[PDB]
file coords_17.cif (mmCIF, C-alpha atoms)
data_run
#
loop_
_atom_site.label_atom_id
_atom_site.label_comp_id
_atom_site.auth_asym_id
_atom_site.auth_seq_id
_atom_site.Cartn_x
_atom_site.Cartn_y
_atom_site.Cartn_z
CA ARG A 606 0.00 0.00 0.00
CA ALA A 607 2.88 2.39 0.68
CA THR A 608 4.65 2.18 -2.69
CA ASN A 609 3.56 2.13 -6.36
CA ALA A 610 2.59 -1.59 -6.19
CA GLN A 611 -0.92 -0.63 -5.02
CA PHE A 612 -1.78 0.72 -8.48
CA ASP A 613 -3.12 -2.60 -9.76
CA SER A 614 -6.35 -4.52 -9.94
CA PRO A 615 -6.92 -6.16 -6.54
CA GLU A 616 -6.99 -9.65 -8.06
CA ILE A 617 -3.50 -9.64 -9.59
CA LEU A 618 -2.25 -7.80 -6.50
CA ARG A 619 -3.75 -10.38 -4.16
CA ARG A 620 -2.52 -13.23 -6.36
CA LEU A 621 1.00 -12.20 -5.50
CA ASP A 622 1.46 -13.44 -1.97
CA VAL A 623 4.32 -15.10 -0.14
CA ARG A 624 4.95 -18.76 0.60
CA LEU A 625 7.79 -20.27 2.57
CA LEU A 626 9.62 -23.45 1.81
CA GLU A 627 9.78 -26.22 4.39
CA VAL A 628 12.08 -25.27 7.23
CA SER A 629 15.29 -27.07 7.99
CA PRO A 630 16.50 -27.30 11.61
CA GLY A 631 18.89 -24.41 10.84
CA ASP A 632 18.06 -21.47 8.59
CA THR A 633 18.33 -17.85 7.56
CA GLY A 634 15.75 -15.67 5.86
CA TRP A 635 17.69 -15.39 2.61
CA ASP A 636 17.58 -19.17 2.23
CA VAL A 637 13.85 -19.64 2.81
CA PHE A 638 11.61 -17.16 0.96
CA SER A 639 9.20 -17.33 -1.96
CA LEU A 640 6.37 -15.57 -3.69
CA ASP A 641 3.65 -17.98 -4.85
CA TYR A 642 1.33 -16.84 -7.62
CA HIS A 643 -2.05 -18.55 -7.70
CA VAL A 644 -4.29 -18.50 -10.76
CA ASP A 645 -7.83 -19.75 -10.26
CA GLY A 646 -9.67 -18.87 -13.47
CA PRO A 647 -9.85 -20.81 -16.72
CA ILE A 648 -6.68 -18.85 -17.59
CA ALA A 649 -4.72 -21.24 -15.35
CA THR A 650 -4.49 -23.46 -18.44
CA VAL A 651 -2.04 -21.00 -19.99
CA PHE A 652 -0.39 -20.20 -16.65
CA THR A 653 0.16 -23.77 -15.45
CA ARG A 654 1.93 -24.51 -12.16
CA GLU A 655 5.06 -25.97 -13.75
CA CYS A 656 5.78 -22.57 -15.28
CA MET A 657 5.35 -21.03 -11.87
CA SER A 658 8.14 -23.38 -10.73
CA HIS A 659 10.39 -21.94 -13.44
CA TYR A 660 9.36 -18.36 -12.63
CA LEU A 661 10.27 -18.90 -9.02
CA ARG A 662 13.67 -20.41 -9.88
CA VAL A 663 14.35 -17.28 -11.93
CA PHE A 664 13.21 -15.13 -9.00
CA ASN A 665 15.57 -17.08 -6.73
CA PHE A 666 18.57 -16.45 -8.99
CA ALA B 13 18.77 -56.53 27.45
CA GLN B 14 19.49 -55.63 23.86
CA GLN B 15 17.88 -52.29 24.72
CA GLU B 16 20.33 -51.55 27.58
CA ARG B 17 23.46 -52.32 25.54
CA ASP B 18 22.12 -50.16 22.71
CA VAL B 19 21.93 -47.17 25.05
CA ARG B 20 25.52 -47.87 26.10
CA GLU B 21 26.60 -48.18 22.49
CA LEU B 22 24.72 -45.01 21.53
CA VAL B 23 26.43 -42.99 24.27
CA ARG B 24 29.81 -44.57 23.49
CA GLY B 25 29.22 -43.80 19.84
CA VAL B 26 28.16 -40.16 19.92
CA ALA B 27 30.22 -38.91 22.87
CA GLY B 28 33.22 -40.89 21.62
CA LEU B 29 33.53 -42.84 24.86
CA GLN B 30 34.62 -46.40 25.50
CA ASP B 31 35.00 -46.41 29.27
CA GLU B 32 31.96 -46.71 31.53
CA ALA B 33 33.47 -45.47 34.81
CA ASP B 34 34.02 -41.93 33.51
CA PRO B 35 31.46 -39.77 35.39
CA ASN B 36 30.53 -38.12 32.09
CA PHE B 37 29.45 -41.57 30.87
CA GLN B 38 27.18 -41.98 33.89
CA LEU B 39 25.58 -38.55 33.52
CA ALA B 40 24.95 -39.16 29.84
CA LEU B 41 23.59 -42.68 30.45
CA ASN B 42 21.20 -41.41 33.11
CA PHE B 43 20.22 -38.44 30.95
CA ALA B 44 19.31 -40.85 28.15
CA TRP B 45 17.07 -43.01 30.37
CA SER B 46 15.42 -39.98 31.95
CA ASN B 47 14.77 -38.52 28.51
CA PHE B 48 13.40 -41.84 27.20
CA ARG B 49 11.02 -42.42 30.10
CA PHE B 50 9.85 -38.79 30.41
CA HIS B 51 7.35 -38.62 27.57
CA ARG B 52 6.17 -35.33 26.10
CA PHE B 53 6.70 -36.36 22.48
CA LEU B 54 4.30 -37.06 19.65
CA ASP B 55 3.90 -40.11 17.43
CA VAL B 56 4.99 -40.15 13.80
CA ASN B 57 2.45 -39.66 11.02
CA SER B 58 3.51 -41.45 7.84
CA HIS B 59 1.56 -38.89 5.82
CA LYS B 60 3.46 -36.02 7.48
CA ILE B 61 6.72 -37.61 6.41
CA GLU B 62 5.52 -38.10 2.82
CA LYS B 63 4.67 -34.40 2.60
CA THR B 64 8.04 -33.49 4.12
CA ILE B 65 10.03 -35.54 1.59
CA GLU B 66 8.04 -33.97 -1.23
CA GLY B 67 8.58 -30.51 0.22
CA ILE B 68 12.37 -30.86 0.51
CA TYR B 69 12.44 -32.12 -3.07
CA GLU B 70 10.91 -28.90 -4.38
CA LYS B 71 13.39 -26.92 -2.26
CA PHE B 72 16.20 -28.66 -4.09
CA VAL B 73 14.53 -27.97 -7.42
CA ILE B 74 13.86 -24.31 -6.62
CA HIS B 75 17.50 -23.69 -5.71
CA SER B 76 18.38 -24.96 -9.20
CA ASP B 77 20.12 -28.20 -8.22
CA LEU B 78 18.60 -30.86 -10.41
CA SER B 79 21.25 -33.51 -9.71
CA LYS B 80 20.77 -33.23 -5.96
CA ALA B 81 16.98 -33.23 -6.33
CA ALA B 82 16.95 -36.16 -8.78
CA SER B 83 19.07 -38.15 -6.35
CA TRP B 84 16.94 -37.15 -3.35
CA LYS B 85 13.63 -38.14 -4.88
CA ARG B 86 15.19 -41.38 -6.16
CA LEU B 87 16.86 -42.32 -2.87
CA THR B 88 13.65 -41.65 -0.94
CA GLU B 89 11.43 -43.63 -3.32
CA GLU B 90 13.89 -46.50 -3.32
CA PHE B 91 14.17 -46.31 0.46
CA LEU B 92 10.40 -46.49 0.97
CA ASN B 93 10.36 -50.00 -0.53
CA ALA B 94 10.17 -52.98 1.77
CA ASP B 105 6.28 -47.78 9.44
CA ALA B 106 9.83 -48.31 10.60
CA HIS B 107 10.83 -46.72 7.28
CA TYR B 108 9.00 -43.57 8.33
CA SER B 109 10.47 -43.61 11.83
CA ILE B 110 14.13 -43.76 10.81
CA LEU B 111 13.35 -41.16 8.16
CA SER B 112 11.70 -38.78 10.64
CA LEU B 113 14.72 -39.47 12.85
CA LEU B 114 17.31 -38.54 10.22
CA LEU B 115 15.25 -35.55 9.00
CA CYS B 116 14.82 -33.92 12.40
CA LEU B 117 18.30 -34.72 13.83
CA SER B 118 19.96 -31.97 11.78
CA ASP B 119 19.82 -30.16 8.49
CA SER B 120 21.07 -26.92 7.07
CA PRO B 121 21.57 -28.46 3.68
CA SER B 122 21.81 -26.46 0.49
CA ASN B 123 25.11 -28.03 -0.51
CA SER B 124 25.80 -29.73 -3.84
CA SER B 125 26.97 -33.08 -2.38
CA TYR B 126 27.52 -35.09 -5.56
CA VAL B 127 27.04 -38.85 -5.42
CA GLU B 128 30.16 -40.95 -5.04
CA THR B 129 29.47 -44.34 -6.62
CA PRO B 130 25.90 -44.50 -5.39
CA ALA C 11 23.88 -70.76 3.81
CA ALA C 12 23.06 -68.54 0.83
CA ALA C 13 19.69 -66.97 1.66
CA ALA C 14 20.97 -65.99 5.12
CA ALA C 15 23.82 -63.87 3.72
CA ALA C 16 21.60 -62.61 0.91
CA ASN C 17 19.44 -61.34 3.75
CA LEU C 18 22.59 -59.65 5.06
CA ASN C 19 22.99 -58.31 1.52
CA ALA C 20 19.51 -56.76 1.30
CA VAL C 21 19.92 -54.95 4.63
CA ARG C 22 23.37 -53.54 3.88
CA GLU C 23 21.85 -52.28 0.62
CA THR C 24 19.19 -50.29 2.50
CA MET C 25 21.92 -49.31 4.95
CA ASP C 26 23.71 -47.84 1.95
CA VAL C 27 20.77 -45.80 0.69
CA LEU C 28 20.32 -44.50 4.24
CA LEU C 29 23.95 -43.50 4.52
CA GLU C 30 23.78 -41.62 1.24
CA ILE C 31 20.72 -39.78 2.52
CA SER C 32 22.64 -39.07 5.74
CA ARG C 33 25.40 -37.05 4.10
CA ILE C 34 23.36 -35.09 1.57
CA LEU C 35 21.26 -33.71 4.42
CA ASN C 36 24.60 -32.79 6.05
CA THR C 37 24.09 -34.70 9.27
CA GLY C 38 27.04 -35.47 11.53
CA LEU C 39 26.01 -39.10 11.72
CA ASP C 40 27.94 -41.96 10.22
CA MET C 41 27.49 -45.72 9.79
CA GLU C 42 28.66 -46.51 13.33
CA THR C 43 26.10 -44.20 14.93
CA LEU C 44 23.55 -45.36 12.36
CA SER C 45 23.92 -49.06 13.16
CA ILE C 46 22.73 -48.38 16.70
CA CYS C 47 19.83 -46.17 15.62
CA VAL C 48 18.45 -48.82 13.26
CA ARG C 49 18.22 -51.33 16.12
CA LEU C 50 16.48 -48.81 18.39
CA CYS C 51 13.91 -47.96 15.71
CA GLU C 52 13.15 -51.66 15.30
CA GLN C 53 12.23 -51.97 18.99
CA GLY C 54 9.86 -49.04 18.89
CA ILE C 55 11.07 -45.68 20.14
CA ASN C 56 10.14 -42.13 19.29
CA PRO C 57 12.41 -40.53 16.67
CA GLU C 58 11.85 -37.36 18.71
CA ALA C 59 13.30 -39.23 21.70
CA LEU C 60 16.51 -40.42 20.06
CA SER C 61 17.21 -37.08 18.39
CA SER C 62 16.96 -34.99 21.56
CA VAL C 63 19.58 -37.31 23.06
CA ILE C 64 21.94 -36.95 20.10
CA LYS C 65 21.43 -33.17 20.05
CA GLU C 66 22.73 -33.15 23.64
CA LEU C 67 25.75 -35.48 23.54
CA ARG C 68 26.95 -33.98 20.27
CA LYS C 69 26.61 -30.62 22.03
CA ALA C 70 28.17 -31.81 25.30
CA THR C 71 31.32 -33.13 23.63
CA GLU C 72 32.08 -29.65 22.31
CA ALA C 73 32.41 -28.51 25.93
CA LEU C 74 34.90 -31.32 26.52
CA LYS C 75 36.90 -29.72 23.71
CA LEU D 727 14.51 -9.22 -19.62
CA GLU D 728 14.35 -6.86 -22.57
CA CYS D 729 14.86 -9.18 -25.56
CA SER D 730 12.85 -12.00 -23.96
CA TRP D 731 9.96 -9.67 -23.17
CA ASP D 732 10.14 -8.21 -26.70
CA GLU D 733 9.79 -11.55 -28.49
CA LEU D 734 6.99 -12.66 -26.17
CA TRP D 735 5.07 -9.38 -26.48
CA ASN D 736 5.28 -9.61 -30.27
CA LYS D 737 4.33 -13.28 -30.60
CA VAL D 738 1.29 -12.63 -28.42
CA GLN D 739 -0.04 -9.37 -29.86
CA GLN D 740 -0.07 -10.63 -33.45
CA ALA D 741 -1.34 -14.15 -32.83
CA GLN D 742 -4.99 -15.15 -33.11
CA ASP D 743 -4.63 -18.65 -31.64
CA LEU D 744 -4.60 -19.63 -27.98
CA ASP D 745 -2.26 -22.51 -28.83
CA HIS D 746 0.23 -20.01 -30.26
CA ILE D 747 -0.01 -17.95 -27.06
CA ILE D 748 0.67 -21.06 -24.96
CA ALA D 749 3.63 -22.12 -27.09
CA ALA D 750 5.00 -18.58 -26.88
CA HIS D 751 4.99 -18.53 -23.07
CA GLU D 752 6.70 -21.96 -23.09
CA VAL D 753 9.61 -20.89 -25.28
CA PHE D 754 9.98 -17.47 -23.59
CA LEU D 755 10.60 -19.28 -20.33
CA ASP D 756 13.00 -21.80 -21.88
CA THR D 757 15.02 -18.99 -23.49
CA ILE D 758 15.43 -17.38 -20.09
CA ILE D 759 16.62 -20.78 -18.78
CA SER D 760 19.19 -21.08 -21.55
CA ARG D 761 20.48 -17.49 -21.28
CA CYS D 762 21.20 -17.87 -17.59
CA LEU D 763 23.24 -20.49 -15.74
CA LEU D 764 20.10 -22.56 -15.25
CA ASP D 765 20.94 -25.58 -17.39
CA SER D 766 22.28 -28.94 -16.26
CA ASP D 767 25.37 -28.48 -18.43
CA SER D 768 26.26 -25.14 -16.84
CA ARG D 769 26.89 -26.44 -13.33
CA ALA D 770 30.60 -25.55 -13.33
CA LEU D 771 29.91 -21.95 -14.33
CA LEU D 772 27.37 -21.82 -11.53
CA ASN D 773 30.06 -23.09 -9.15
CA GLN D 774 32.37 -20.26 -10.19
CA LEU D 775 29.56 -17.79 -9.58
CA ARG D 776 29.05 -19.36 -6.16
CA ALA D 777 32.76 -18.83 -5.62
CA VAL D 778 32.33 -15.13 -6.43
CA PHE D 779 29.98 -14.87 -3.45
CA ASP D 780 32.56 -16.04 -0.90
CA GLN D 781 34.80 -12.96 -0.90
CA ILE D 782 31.72 -10.71 -0.86
CA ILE D 783 30.82 -11.94 2.60
CA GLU D 784 34.52 -12.15 3.50
CA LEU D 785 35.00 -8.46 2.75
CA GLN D 786 32.54 -7.38 5.47
CA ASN D 787 34.71 -9.03 8.14
#
call {"tool": "encode", "arguments": {"input": "coords_17.cif", "output": "structure tokens"}}
result
Amino acid sequence: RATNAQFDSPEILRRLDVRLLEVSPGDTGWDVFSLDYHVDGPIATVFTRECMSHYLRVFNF
Amino acid sequence: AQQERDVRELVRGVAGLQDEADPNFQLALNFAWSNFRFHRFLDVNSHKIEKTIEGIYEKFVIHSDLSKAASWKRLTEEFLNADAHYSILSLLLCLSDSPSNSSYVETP
Amino acid sequence: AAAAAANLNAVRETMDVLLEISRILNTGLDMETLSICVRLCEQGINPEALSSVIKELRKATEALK
Amino acid sequence: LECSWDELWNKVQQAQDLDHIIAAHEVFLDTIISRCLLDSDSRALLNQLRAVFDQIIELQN
């Protein structure tokens, strides 16, 4: 809400939300972090979850 | 009988002891028994382990290590071939990890 | 005989997949520690019970350093 | 992220088939995989880039 990200439709803005990977018994924050994008419409068939996996690997790099 | 020697061998193994008249042996032996008989633990869910193995596998994929992931899925699916499987797995899982390392296979 | 050492073969095999899993997770365990923990897990013990022990004696031998 | 977005933007805005849109997203992602050190052949180059992160955290000390 504070920065320019707010200027968006609320759906696409809400569909960006965080997820964390499964925690190891020893961690830091830079190791465990993710954004998970969820698509619920019929348009999920062009944005399938295996491409989200790739997107997130790119985001990690 | 086999249980009591196992506790001795466990404490000899981890603490690197051999002698049983060292007072540090006796403290660690008694600590083990008092841990074992004081129960505040849970019981393992096989389903919770199956989700955990799957979750770690995506963590290896997401950090762009295919050869560690492809081993890890393979080793776990081969290991789950014949309860006690889940228990030793939950054991090894919880005991320690900080793993993000490459750790290439040797001859396995 | 033959089937009684082939039984010793099929356990050492699973002992070898478990040792490979042990190092890629970066645990301080090794085959000697692991041969005890297999026998305990056969008898029926919490994995949360064994691990709290190991997390102490591996942490109490660093104070003997 | 400027060539890869270009080709994807083009091959969407002209196309009249949903299949073409799908197969454009697929290849856009795979091109990003190939351009970065995200292959299975490029593991050694990735190791060298890991080795450029060591001295970064050493320099703070």
call {"tool": "resolve_selection", "arguments": {"input": "coords_17.cif", "expression": "the PyMOL selection byres ((chain A) within 9 of (chain D))", "output": "number ranges by chain"}}
result
A: 650-652, 656, 659-660, 662-663, 666
call {"tool": "residues_near_point", "arguments": {"input": "coords_17.cif", "point": "(13.6, -38.5, -7.6)", "cutoff": "12 Å", "atoms": "all atoms listed in the file", "output": "count of residues only"}}
result
21
call {"tool": "resolve_selection", "arguments": {"input": "coords_17.cif", "expression": "the PyMOL selection byres ((chain B) within 9 of (chain A))", "output": "VMD selection string"}}
result
chain B and resid 64 67 to 68 70 to 71 73 to 76 115 to 122
call {"tool": "write_last_selection", "arguments": {"input": "coords_17.cif", "atoms": "C-alpha atoms", "output": "PDB file, in the frame of the given file"}}
result
ATOM      1  CA  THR B  64       8.040 -33.490   4.120  1.00  0.00           C
ATOM      2  CA  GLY B  67       8.580 -30.510   0.220  1.00  0.00           C
ATOM      3  CA  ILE B  68      12.370 -30.860   0.510  1.00  0.00           C
ATOM      4  CA  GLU B  70      10.910 -28.900  -4.380  1.00  0.00           C
ATOM      5  CA  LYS B  71      13.390 -26.920  -2.260  1.00  0.00           C
ATOM      6  CA  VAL B  73      14.530 -27.970  -7.420  1.00  0.00           C
ATOM      7  CA  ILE B  74      13.860 -24.310  -6.620  1.00  0.00           C
ATOM      8  CA  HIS B  75      17.500 -23.690  -5.710  1.00  0.00           C
ATOM      9  CA  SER B  76      18.380 -24.960  -9.200  1.00  0.00           C
ATOM     10  CA  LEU B 115      15.250 -35.550   9.000  1.00  0.00           C
ATOM     11  CA  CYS B 116      14.820 -33.920  12.400  1.00  0.00           C
ATOM     12  CA  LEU B 117      18.300 -34.720  13.830  1.00  0.00           C
ATOM     13  CA  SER B 118      19.960 -31.970  11.780  1.00  0.00           C
ATOM     14  CA  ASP B 119      19.820 -30.160   8.490  1.00  0.00           C
ATOM     15  CA  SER B 120      21.070 -26.920   7.070  1.00  0.00           C
ATOM     16  CA  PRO B 121      21.570 -28.460   3.680  1.00  0.00           C
ATOM     17  CA  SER B 122      21.810 -26.460   0.490  1.00  0.00           C
TER      18      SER B 122
END
call {"tool": "interface_residues", "arguments": {"input": "coords_17.cif", "of": "chain B", "to": "chain C", "cutoff": "9 Å", "atoms": "only C-alpha atoms", "output": "ChimeraX atom specification"}}
result
/B:14-15,18-19,21-23,25-28,40,43-44,47-48,51,53-56,80,84,87-88,90-91,106,109-128,130
call {"tool": "atom_distance", "arguments": {"input": "coords_17.cif", "atom1": "CA of residue 742 (chain D)", "atom2": "CA of residue 754 (chain D)"}}
result
17.9 Å
call {"tool": "closest_residue", "arguments": {"input": "coords_17.cif", "among": "D:775, D:769, D:787, D:782", "to": "chain B", "atoms": "all atoms listed in the file"}}
result
D:769
call {"tool": "atom_distance", "arguments": {"input": "coords_17.cif", "atom1": "CA of residue 734 (chain D)", "atom2": "CA of residue 750 (chain D)"}}
result
6.3 Å
call {"tool": "atom_distance", "arguments": {"input": "coords_17.cif", "atom1": "CA of residue 108 (chain B)", "atom2": "CA of residue 58 (chain B)"}}
result
5.9 Å
call {"tool": "axis_aligned_box", "arguments": {"input": "coords_17.cif", "around": "region 622-630 of chain A", "padding_each_side": "6 Å", "output": "lines of an AutoDock Vina configuration file"}}
result
center_x = 9.0
center_y = -20.4
center_z = 4.8
size_x = 27.0
size_y = 25.9
size_z = 25.6
